[PDB]
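Here the structure is laid out as C-alpha cells; the discussion comes afterwards.
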RNA sequence: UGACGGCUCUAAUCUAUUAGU
DNA sequence: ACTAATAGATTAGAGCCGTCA
Ligand SMILES: [Mg+2]
C-alpha cells in the first residue's frame with residue numbers, strides 16, 4: 101500500500117479485483133469467490149477435502165450485528181420503605197441472658 | 001433497564017506480521033513466529049512407559065481430527081504446523097529400578113515415601129546431566204500426592220527444563236475400571252490435547268509461538284498474589300509478584316521479579332513498608348536498565364484490597380511523575396443473567412458500569428465462530444475497581460480483556476481471568492516447597 | 001501433573017457491641 | 001487489658017464432577 105492507487109500500471113486500470121493491505125485470508129476468500137463466479141474449472145477434492153472449506157476464510161461467521169435484545173436479571177427490587185425506626189433503653193425489659 | 005456496553009476483541013500477532021483471533025486457527029494458517037528445531041528428548045521410567053511414549057510419538061506425526069470440527073479446528077502433522085523434526089529415533093533412555101526400595105503400601109510414612117521417590121528421581125537426573133556426553137533439552141517423566208512441587212523445587216538449582224506426563228493419559232483405551240469400562244474417555248479432545256502438548260513442548264524448547272504488538276508504548280504492568288506458608292508460626296508472606304511488559308526493541312518482555320519478601324504476621328495480608336519499597340525498586344530497576352529511561356505509567360494488579368500506608372511509602376518512589384494506579388479483582392459476585400428468549404446464554408464482551416470506579420465484565424459466554432459456550436451453565440462475570448489512582452474507566456476494562464490471551468500453558472480461545480495473576484499463583488506453590496534458595500531464576504520456562 | 005470450567009465444604013483474620021474483675 | 005458469645009462481610013485452602021443433547 102506504499103504505492104498510491106494512481107500509478108498501478110498502464111494496461112491494468114480497467115481491471116479492479118482486490119488489494120491486500122487488510123489481511124491475507126479475506127483476500128483468499130474474495131479470490132475464491134471471484135474464481136467461482138467466473139467458473140474456473142473444477143477439481144476433485146479426493147473425498148478428504150471440504151474440511152478446509154470452513155477455516156480457509158479468516159473468520160467462520162464472527163461479525164458484529166446491531167440488533168437489540170433483552171435479558172432477565174436475578175435481583176428483585178423494593179419500592180416503599182418505612183419512614184423511621186424506633187429507639188429505647190430500659191435495661192430490664194427481658195432477662196439479660198435471655199436471647200432476642 | 002440500563003443499556004450495556006460492548007468492547008471489541010483485540011487480535012494477536014503471527015508470522016509475517018499478520019493478525020488473527022483463535023491461536024490455533026493462526027497456527028494452522030501460518031504457524032510460529034521464531035524458528036526452533038532442537039527437540040532432542042530424553043525419557044526416564046519403566047519399559048511400559050517408554051514403549052507407550054514411543055507409540056504416542058510415532059502416532060502424533062499424522063494429522064488427526066476430533067469428533068466435531070466446527071468448534072475445534074483441524075490438527076495437521078507436527079512438521080506441517082510448526083516446522084521441525086520430532087522423532088522417537090533420537091531419545092536417550094534410562095531405566096528406573098524394577099524392584100522397589102520403597103515399600104509398596106503407604107504404611108510407614110507417605111511423606112517419607114514421596115521424599116524417597118523424589119530423591120531417587122532427582123539424583124538420577126543430576127547424574128545423567130553431570131555424567132553423560134549427549135545434549136538434551138526436555139525430559140518426559142512417566143509415573144507408574205503433592206509430588207511435583209518437591210521435584211521442581213529441587214531441580215530449580217540446576218536450571219534444567221522438565222515436563223511431567225501420567226501413565227493414565229495415553230492408555231485410556233485399555234485402562235478399564237473395576238467393571239471393565241474405561242475410567243477416562245478422550246474420544247473428543249484428542250486433537251486439542253495434541254495441540255496443547257505440542258505448544259508446551261515448543262515453548263519449553265525455547266521458542267515463543269506468538270507475541271503482542273498492539274500495546275501502548277512506555278507503560279508497564281505488574282501483578283501480586285498472596286499465599287500462606289505454614290512451618291512453625293504460619294507466617295503468611297508470599298509476595299511472589301509476577302511478570303511485566305516493559306517496552307523493548309519490538310518484543311514482549313515476560314520476566315518476573317521474584318523473591319518472597321517476608322511479611323511476619325498470621326492475619327495481616329496486605330503489605331509492609333520496607334518490603335513494599337524493596338519490591339517496587341526491584342520491579343523498577345529492570346525497566347531502568349533495559350530501556351535506559353523511565354516509565355510514563357505504572358499499573359498494579361491485586362487479587363485483594365490493600366492498606367494505605369503502603370501508598371504513603373510508594374509516593375516517594377515515583378521518580379518525577381510516573382504515578383502508579385492500583386486495581387483489585389475478585390472472582391465471585393452473584394449476578395447470573397438470563398436471556399429473554401430461546402435457550403442460549405449471553406456472549407463475552409459486554410461490560411456494565413455503575414460509576415467512574417466499579418465495573419462488571421463478562422469474560423465468559425459464547426462466541427459465534429465457535430457456535431458453542433465457554434461454560435457449562437450460565438456464566439457469571441467478574442468485578443473490577445480502581446482502588447488507588449485516577450484513570451479512564453474503559454481503559455482498564457479493555458486492558459484486562461486484552462491480557463486474557465497470553466496463556467502459554469494451553470491453547471484455549473480465552474481464559475476466565477488475566478494471566479498476570481495466574482502465573483504468579485502458579486509459581487507460588489512450587490517455589491514454597493523449599494525456600495532455602497537464594498536469587499532464584501527469573502525466566503518463566505523453568506517454572507511451569 | 002493436560003486443560004478448562006462449574007460446584008461443594010472447612011477454617012481463618014479486620015472492624016463494632018456486649019458482660020466476667 | 002482477654003477470655004466467652006452475635007452476626008455481616010472478606011479470604012483462602014481442599015476435594016468432586018463433566019467435557020459441551
Ligand atoms: Mg502445564
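Chains as they are written, first to last, in the authors' numbering: chain B, 101 to 200; chain A, 1 to 144, 204 to 507.
The beta-carbon is built from N, C-alpha and C at its ideal position, and this holds for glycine as well.
Residue 355(A) and residue 373(A) have their C-alpha atoms some 16 angstroms from each other.
Residue 456(A) is outside the set of residues whose beta carbon lies under 8 angstroms from a beta carbon in chain B.
At a cut-off of 8 angstroms between C-beta atoms, residue 483(A) does not count as an interface residue with respect to chain B.
Pairing residue 432(A) with residue 286(A) gives a Cβ-Cβ distance that is not under 8 angstroms. One alpha carbon belongs to residue 91(A), the other to residue 507(A), and they sit about 23 angstroms apart.
By the criterion of a C-beta distance shorter than 8 angstroms, residue 361(A) is surrounded in its chain by 282, 283, 385, 386, 387, 388, 446, once the five residues flanking it on both sides are discounted. Excluding the 5 residues flanking it on each side, residue 499(A) has same chain C-beta neighbours closer than 6 angstroms at 317, in chain order. Residue pairing by DSSP places residue 387(A) opposite 444(A) in a beta bridge. The region 91-104 of chain A makes contact with the region 38-49 of chain A; the number of CB pairs closer than 8 angstroms reaches 3 or more. Contact annotation: residue 127(A) and residue 430(A) have beta-carbon atoms that are not nearer than 8 angstroms. Between the alpha carbons of residue 438(A) and residue 390(A) lies a gap of roughly 12 angstroms. Counting only residues of its own chain and dropping the five nearest sequence neighbours on each side, residue 368(A) has a CB closer than 8 angstroms to the CB of 332.
Residue side-chain check: residue 507(A) places its Cβ nearer than 7 angstroms to a non-hydrogen atom of ligand 1. In the structure shown, residue 292(A) adopts coil according to DSSP, grouped into three states. Beyond the five residues adjoining it in sequence on each side, residue 440(A) comes within less than 8 angstroms, by CB distance, of 392, 394, 411, 419, 420, 421, 422, 423 in the same chain, given in chain order.
Close CB contacts of residue 54(A) within its chain, under the 7 angstroms cut and outside five residues either way in sequence, are with 88 (chain order). When the Cα atoms are used, residue 414(A) and residue 358(A) turn out to be separated by approximately 20 angstroms.
As for any alpha helix (DSSP H) of minimum length 4 sitting wholly inside the region 31-65 of chain A, the runs are 47-59, ordered along the chain. The DSSP assignment places complete beta strand (DSSP E) segments of no fewer than 3 residues inside the region 71-120 of chain A at 92-95, in order along the chain. With respect to the C-alpha of residue 3(A), the residue from 194(B), 184(B), 171(B) having the closest C-alpha is 171(B). Taking C-beta atoms as the reference points, residue 477(A) and residue 501(A) fail to come closer than 8 angstroms. When DSSP states are grouped into helix, strand and coil, residue 347(A) belongs to the helix group.
Residue contact with chain A for residue 123(B): present (Cβ-Cβ distance below 8 angstroms to some residue of chain A).
Proximity of residue 303(A) to chain B, defined by a Cβ-Cβ separation below 8 angstroms, is not satisfied.
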